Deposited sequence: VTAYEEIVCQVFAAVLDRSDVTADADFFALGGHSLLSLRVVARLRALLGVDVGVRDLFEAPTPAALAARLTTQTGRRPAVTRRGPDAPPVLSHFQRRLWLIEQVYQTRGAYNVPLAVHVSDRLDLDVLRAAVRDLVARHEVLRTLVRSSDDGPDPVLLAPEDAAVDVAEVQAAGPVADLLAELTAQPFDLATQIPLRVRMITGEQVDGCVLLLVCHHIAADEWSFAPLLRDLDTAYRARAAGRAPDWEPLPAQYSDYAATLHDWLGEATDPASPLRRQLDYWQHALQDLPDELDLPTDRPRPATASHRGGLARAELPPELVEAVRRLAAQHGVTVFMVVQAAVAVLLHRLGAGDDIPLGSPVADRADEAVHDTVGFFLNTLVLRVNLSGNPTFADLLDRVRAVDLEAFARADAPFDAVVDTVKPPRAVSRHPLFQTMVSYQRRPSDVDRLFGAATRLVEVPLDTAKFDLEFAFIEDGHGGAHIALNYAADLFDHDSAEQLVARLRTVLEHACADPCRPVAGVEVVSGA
């Protein structure tokens, strides 16, 4: 859960009165001492629901370490260790068997490069990347028991690297290349394309992963390692690499041993599932949302992307509102989405799905893989509260949920047993997420680089609101909507209405919702 990490940073900043806190910034090296250390733990006791003392601060002086401190550590298995599929990977494989996703679970990463890269050096660098990260060369094959992992040896992993020439606009070409399907039984879950043409200055480098091998937090290590391997291979050498503290299979094995069996009443899995069964009792099948078309018989996973720019002064005001009320920026956005759906007539019981990263362990905090569980965050709006009251409700709901974040979403579904439809995501149909793009990726491959956004043609749910921060200060709200249900202009209006809710909440949070 990254939310613990963000509030620790928030408290460090308020007590040291700085603007310098990263996840690895040492509290004592930052000018903190024991007198202020008690102010930090006193504030953390009030925000988080947990006992914290100077003891914890001493042994875990950074936000990332303190967050993880508040289950065994990942251990490296032997060189002959077989691959292990996490429950995350099994669920994603299962989705691709039930549905025709049309690439909805591919994730793009596109980088504008001022110089055209060398294709032979790039292909060699991708081989180094795939050799380093076993998850990038692990196939999934169907057997009578179910899906089984197949780890390709580095010499046997055929990388897919090619140059493509843009005829029309590159933006639509990026989305087209991104949506191409992976055969997970025969192709490694990574595709690399270098887009060139006379309308593009330099090239656009597009990495496409299937989510089975990468979440959005993998962007930074993917770019960092690809950059290291490219510059090394351009000088004619293999990269000088400190080996990985853990492979994805190590994390999956450690996690599954700890989780246990759902039939074991003492297992963490059963105990967390029992929390969710009670927390999701009498859950609505779906929310009454204003759509343009009824739910079709079959889900097409077609979608679009409506964007709402946020002025830097509004981004700052949302940050200050969160700090003043002791919540994260995500919690403010989550409350705003709940207000929005409430005002649209969805009722007082608003369940919103949200991805939570299981990256607290040092050995996986900055590695490549899929670590996102989906939690159902159930917001109650009865008794017409103020926005400040709602922020208190949302913090309570989120913190109780984050303490049971390891229950796999598919097990929670099978525990809650909701009425199921192939055209409707179970338990929730609106997702809210907070994302931060990599920083310091502006000078990769010895050139000038900048991330470029890919316009999705797909959607996973009815609605996904994302507060997305770029690596350099700015922020915007992206609404990924199901085209089956919503026209583009209705989505543009929805995301504009969310911005208006945020503006009103910052201006005066003491007004009822």
How would you list, in order, the spans of the deposited sequence that the model does not cover?
71-76, 520-528
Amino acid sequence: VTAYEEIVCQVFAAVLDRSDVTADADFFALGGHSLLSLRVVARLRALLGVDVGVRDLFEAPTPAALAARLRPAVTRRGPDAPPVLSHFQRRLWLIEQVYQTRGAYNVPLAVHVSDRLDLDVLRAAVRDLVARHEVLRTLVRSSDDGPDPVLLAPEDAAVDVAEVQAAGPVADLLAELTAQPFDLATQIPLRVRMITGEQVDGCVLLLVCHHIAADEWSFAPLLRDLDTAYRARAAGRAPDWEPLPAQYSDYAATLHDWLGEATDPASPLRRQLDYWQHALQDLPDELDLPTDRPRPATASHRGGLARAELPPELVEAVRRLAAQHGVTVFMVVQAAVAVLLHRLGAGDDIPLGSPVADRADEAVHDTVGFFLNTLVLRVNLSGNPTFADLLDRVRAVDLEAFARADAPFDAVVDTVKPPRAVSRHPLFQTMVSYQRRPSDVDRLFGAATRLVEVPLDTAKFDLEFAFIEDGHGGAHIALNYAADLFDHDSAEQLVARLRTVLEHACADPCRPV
From here on, numbers count along this sequence of modelled residues.
Does at least a third of the other compared PDB entries (those resolving both flanking residues) leave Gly473 without coordinates?
yes
Please determine whether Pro426 lacks coordinates in at least a third of the other PDB entries of this protein that model its flanking residues.
no
Pick between 194-202 and 347-355: the one whose mean CA B-factor in the entry is higher.
194-202
Higher average CA B factor in the deposited record is what I'm after, so tell me if that's 161-169 or 215-223.
161-169
Scanning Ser86, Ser433, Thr228, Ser143 for peak Cα temperature factor in the entry gives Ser143
Which of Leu498, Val15, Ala491, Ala505 ranks first by CA B-factor in the deposited coordinates:
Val15
Compared with the other modelled residues in the chain, in which third is the CA B-factor of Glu453?
highest
For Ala483, the third of its chain by CA B-factor is the middle
Among modelled residues of the same chain, the CA temperature factor third for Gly303:
lowest
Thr374 by Cα B-factor - lowest, middle or highest third of the modelled chain:
lowest
Can you work out whether the C-alpha temperature factor of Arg237 puts it in the lowest, middle or highest third of the chain?
highest
